[PDB]
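**Q** fold the following.
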Amino acid sequence: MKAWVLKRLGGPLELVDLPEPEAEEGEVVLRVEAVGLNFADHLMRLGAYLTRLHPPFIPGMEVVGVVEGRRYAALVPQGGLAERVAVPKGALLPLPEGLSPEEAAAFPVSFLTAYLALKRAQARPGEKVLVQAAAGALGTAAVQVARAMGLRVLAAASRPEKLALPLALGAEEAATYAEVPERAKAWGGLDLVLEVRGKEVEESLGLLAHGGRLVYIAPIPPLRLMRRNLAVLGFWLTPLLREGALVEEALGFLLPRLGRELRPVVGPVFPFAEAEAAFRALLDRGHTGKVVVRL
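**A** Numbering: from 1, shown residues only. Here you go, the structure:
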């Protein structure tokens with residue numbers, strides 16, 4: 001089969017022929033239709049991610065494909081950018097009839113991240129939440145999920161031209177980063193902040209109201225947190241996938257809404273042949289939505 005392999009960290013990808021995947025006991029081989037790319041994939045190629053994969057390896061962790069006539073979505077540790085991938089039956093995610101392969105590929109990581117992040121910060125109906133990079137994959141997903149949870153959303157992005165989408169998705173207000181401080185004050189401070197910028201985190205903390213919580217998805221002075229009983233929660237999706245209880249709960253909330261009130265935003269779609277281009281699109285702040293590779 002054809003597949004993209006990264007032989008060296010920081011190196012280029014290579015289109016190669018590889019042996020067909022062999023499904024071990026409990027696994028199925030799904031023929032890939034689409035692959036959703038994540039910034040995490042970019043960091044893994046540089047060896048700068050929480051998980052350190054040793055080359056050579058096939059990039060791609062968010063896959064959508066067919067198994068015996070039925071389409072499923074799945075999170076794999078690697079092997080995405082290939083014609084076929086072996087996947088544990090238990091990781092298979094059933095999709096609603098009619099969901100396109102592209103929209104399905106933009107769902108797993110973003111929506112699970114948004115929901116589990118808010119769920120962990122104990123977001124309650126009516127609470128005020130700031131969503132950054134609100135026109136991106138995670139952002140658009142965050143706005144929709146927060147809305148479904150009954151939260152009041154303040155979306156922020158870098159350029160005015162990126163604000164229409166988040167506003168359309170349900171945000172109460174959308175603002176450029178420069179104006180967030182004044183909006184937070186106008187809102188009486190925020191209850192939650194989904195931090196993806198990571199730079200001046202101390203500034204994000206200043207936007208929080210008493211009891212506020214920042215989810216970290218430039219050190220933090222432990223004293224600014226006391227005055228207002230603030231909390232900073234570090235977040236990393238991968239380890240959470242191993243917790244059946246959490247997952248089941250999240251899927252019990254997300255799945256019945258997939259294709260209905262929750263509609264993953266597909267961004268640039270690249271053909272299999274343009275894998276390198278798709279990876280660069282992950283770096284183009286200008287793109288909106290999820291970067292997807294279609295086979």
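**Q** thought residue 13 was touching residue 279?
**A** Yes. Judged on C-beta atoms under 8 Å, residue 13 makes contact with residue 279 at a distance of 7.4 Å. No exception for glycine: its C-beta is placed from N, CA and C like everyone else's.
**Q** the more surrounded of those two?
**A** residue 279 (22 against 18; other C-beta atoms under 10 Å).
**Q** the more buried one is in contact with residue 41, isn't it?
**A** Yes. Using C-beta under 8 Å, residue 279 is in contact with residue 41, at 7.2 Å.
**Q** list residues touching both of these two?
**A** residue 59 (C-beta atoms under 8 Å, 6 or more residues apart in numbering).
**Q** what helix or strand is the residue nearest the centre of the chain located in?
**A** Geometric centre of the chain, nearest residue: residue 110, 2.6 Å, by C-alpha atoms, centre = their mean. For residue 110, the element it lies in under DSSP states H and E is helix 108-120.
**Q** what residues sit buried inside that helix?
**A** 108-118 (16 or more other C-beta atoms under 10 Å).
**Q** before we move on, back to that, mutual contacts of residue 13 and residue 279, please.
**A** Common neighbours of residue 13 and residue 279 (C-beta under 8 Å, 6+ apart) are residue 59.
**Q** ok so, going back, kindly reformat the buried residues of helix 108-120 as CSV containing distance to residue 62.
**A** CSV is the format used below for these (distance: C-beta to C-beta, whole Å):
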residue, distance to residue 62
108, 5
109, 5
110, 9
111, 11
112, 10
113, 11
114, 14
115, 16
116, 15
117, 17
118, 20
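**Q** sorry, back to before: for the residue nearest to the centre of the chain, give me its contacts.
**A** 137-138, 140-142, 264, 290.
**Q** any idea how many residues pack against residue 255?
**A** Counted with other C-beta under 10 Å, residue 255 comes out at 16.
**Q** doesn't it belong to a helix?
**A** Yes. Assigned with DSSP: H, G, I helix; E, B strand; the rest coil, residue 255 falls within a helix.
**Q** so what's it up against?
**A** Counting by C-beta under 8 Å, 6+ apart, residue 255 makes contact with 94, 96.
**Q** distance check, the residue of the chain positioned farthest from its centre against residue 188.
**A** In the chain, the residue that sits farthest from the middle, by C-alpha atoms, centre = their mean, is residue 227; the gap is 32.2 Å. According to C-beta to C-beta, to the nearest Å, residue 227 stands 16 Å off from residue 188.
**Q** repeat for residue 105
**A** Applying C-beta to C-beta to residue 105 and residue 188 gives a distance of 38 Å.
**Q** higher neighbour count, the two?
**A** Neighbour count, other C-beta under 10 Å: between residue 105 and residue 188, residue 105 has more, with 30 against 9.
**Q** off-centre distance for stretch 261-280?
**A** Put simply, stretch 261-280 sits 13 Å off its chain's centre (C-alpha atoms, centre = their mean, to the nearest Å).
**Q** actually stretch 260-276, not the one I typed
**A** With C-alpha atoms, centre = their mean, you get 13 Å for stretch 260-276.
**Q** buried ones in that stretch?
**A** 262-270, 272, 275.
**Q** okay if I get those residues as JSON lines plus secondary structure?
**A** Below are the buried residues of stretch 260-276 laid out as JSON lines (three-state DSSP):
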{"residue": "262", "secondary structure": "strand"}
{"residue": "263", "secondary structure": "coil"}
{"residue": "264", "secondary structure": "coil"}
{"residue": "265", "secondary structure": "coil"}
{"residue": "266", "secondary structure": "strand"}
{"residue": "267", "secondary structure": "strand"}
{"residue": "268", "secondary structure": "strand"}
{"residue": "269", "secondary structure": "strand"}
{"residue": "270", "secondary structure": "strand"}
{"residue": "272", "secondary structure": "helix"}
{"residue": "275", "secondary structure": "helix"}
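**Q** right, I'll call it a day here.
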